[PDB]
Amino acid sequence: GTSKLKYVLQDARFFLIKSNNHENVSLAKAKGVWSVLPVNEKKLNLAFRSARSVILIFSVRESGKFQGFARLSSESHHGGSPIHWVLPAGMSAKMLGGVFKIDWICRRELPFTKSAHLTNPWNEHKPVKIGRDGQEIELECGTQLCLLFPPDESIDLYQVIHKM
């Protein structure tokens, strides 16, 4: 059912995350970590204190799809073992050195075709698939977008529910 997911998403903030490459999303899905640029890292740490849950919704550039969504379980961390990210054009192993711990809620894909009815009021009521990396998605739009994803049998929400 959706009671568990709705509980997780009650009073959540939502952010569109754009990856240039599939490799880092595969790494992140397995390991439960993500890193962003400094501009977005500040917003995510502010949000992590502001919010009961902070949800990252992933889309690989040019894929036409979202690849899943995850909940921050930590503020950005520096100083851990390096994550061997596939670094894009001219980015440093310290340009995204801040590491967020994340718990995946859904690792299954959602094609942009299934979310075409949803617009983000905080991006001029454009369809939610449209957005800059780190674009914040308004509460109800983000909630409905997350509810569109198919159930993921690899995920157990018990840990997340306990972390809250």
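We number the residues from 1 along the sequence you see.
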{"query": "Mean temperature factor over C-alpha atoms, higher-scoring stretch between 46 to 54 and 25 to 33", "finding": "46 to 54"}
{"query": "Between 109 to 117 and 91 to 99 (mean CA B-factor, as deposited), the higher", "finding": "91 to 99"}
{"query": "Residue of maximum C-alpha B factor among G131, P38, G64, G68, per deposited coordinates", "finding": "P38"}
{"query": "B-factor third for the C-alpha atom of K4 within its chain", "finding": "lowest"}
